[PDB]
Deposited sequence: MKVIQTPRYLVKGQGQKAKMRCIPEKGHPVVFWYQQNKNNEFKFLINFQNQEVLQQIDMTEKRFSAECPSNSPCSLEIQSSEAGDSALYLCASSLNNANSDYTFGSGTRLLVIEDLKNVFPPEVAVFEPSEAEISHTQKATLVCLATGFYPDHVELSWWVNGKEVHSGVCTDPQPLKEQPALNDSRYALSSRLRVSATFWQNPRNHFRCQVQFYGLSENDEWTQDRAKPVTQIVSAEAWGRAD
């Protein structure tokens, strides 16, 4: 296999426990947990060979709880989240404790906020190719917009005729703030196809945005802004 970390994103209010899951490579007994901040500074947190801890820092001992239960995914749980716990949690596996050849996973992007209250899913819209572009270039460019979501924990993908696509696609490097003065976020993505392909009514376009939110307890009038998929559709007109 390969190192698999979940959830890819996570959000918690101060005081809440924040658990993170990790599955090592197949036949990899050694597991590491590192912490990376936004300044790209890494910090060793704990180390495992199978179920037994090889080493850990003083912080992890007090504030963290970590296990690698047999036939079970290694886990790392913060017992009481703080704003300073916000960082990327990298898990890495190894075949041999002697070895220094580590394989890192995707990681879990944890964010700690005062209260979940500001957690809003994205609103997603798809905008159809302009007649001007079609005639001038014979190419059709769709634009997707995800707006008013928080935190900026989203995964955007394009789906065409029942299949994810990467060719002709490009997505903004990072979601921007709708108001720089915290804030709610927005993100756009482009999918470009030949004018003909767009003009074919047998072709179906969908912009699919995965949102990472709550699971959990919700005490507010509106619907629970849970981890969900918000999507938008467009059709091939001729």
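Asker: Report the unmodelled segments of the deposited sequence as residue ranges counted from 1.
Answerer: Unmodelled stretches: 182 to 183, 218 to 219, 243.
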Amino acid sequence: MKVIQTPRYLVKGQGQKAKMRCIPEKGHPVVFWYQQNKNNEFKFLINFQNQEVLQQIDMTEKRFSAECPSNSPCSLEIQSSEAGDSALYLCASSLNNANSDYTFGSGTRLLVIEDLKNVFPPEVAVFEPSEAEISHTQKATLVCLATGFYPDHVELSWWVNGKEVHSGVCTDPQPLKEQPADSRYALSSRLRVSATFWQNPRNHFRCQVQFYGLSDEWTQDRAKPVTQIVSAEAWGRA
From here on, numbers count along this sequence of modelled residues.
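Asker: Once you work out the mean C-alpha B-factor for both 90 to 98 and 121 to 129 from the entry, which is higher?
Answerer: Averaging CA B-factors over each stretch, the winner is 121 to 129.
Asker: Which is higher on average in the deposited entry, the C-alpha temperature factors of 158 to 166 or of 145 to 153?
Answerer: It is 145 to 153.
Asker: Can you pull the Cα B-factors for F44, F48, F64, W198 from the entry and say which is highest?
Answerer: Out of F44, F48, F64, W198, the record gives the largest C-alpha B-factor to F64.
Asker: From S194, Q179, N203, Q55, which pick has the Cα B-factor that tops the rest in the entry?
Answerer: Top of the list by C-alpha B-factor: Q179.
Asker: Quick one: classify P69 as lowest, middle or highest third of the chain based on its Cα B-factor.
Answerer: Middle third, going by the recorded CA B-factors of the chain.
Asker: Can you work out whether the C-alpha temperature factor of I134 puts it in the lowest, middle or highest third of the chain?
Answerer: Middle third by C-alpha B-factor.
Asker: Among the chain's modelled residues, which third holds the C-alpha B-factor of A140?
Answerer: Lowest third - that is where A140 ends up once the chain's C-alpha B-factors are sorted.
Asker: Going by the CA temperature factor in the PDB record, which third of the chain does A186 belong to: lowest, middle or highest?
Answerer: Tercile = highest for this residue's CA B-factor.
Asker: Considering only modelled residues of the same chain, in which third does the CA B-factor of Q208 rank: lowest, middle or highest?
Answerer: Lowest third, going by the recorded CA B-factors of the chain.
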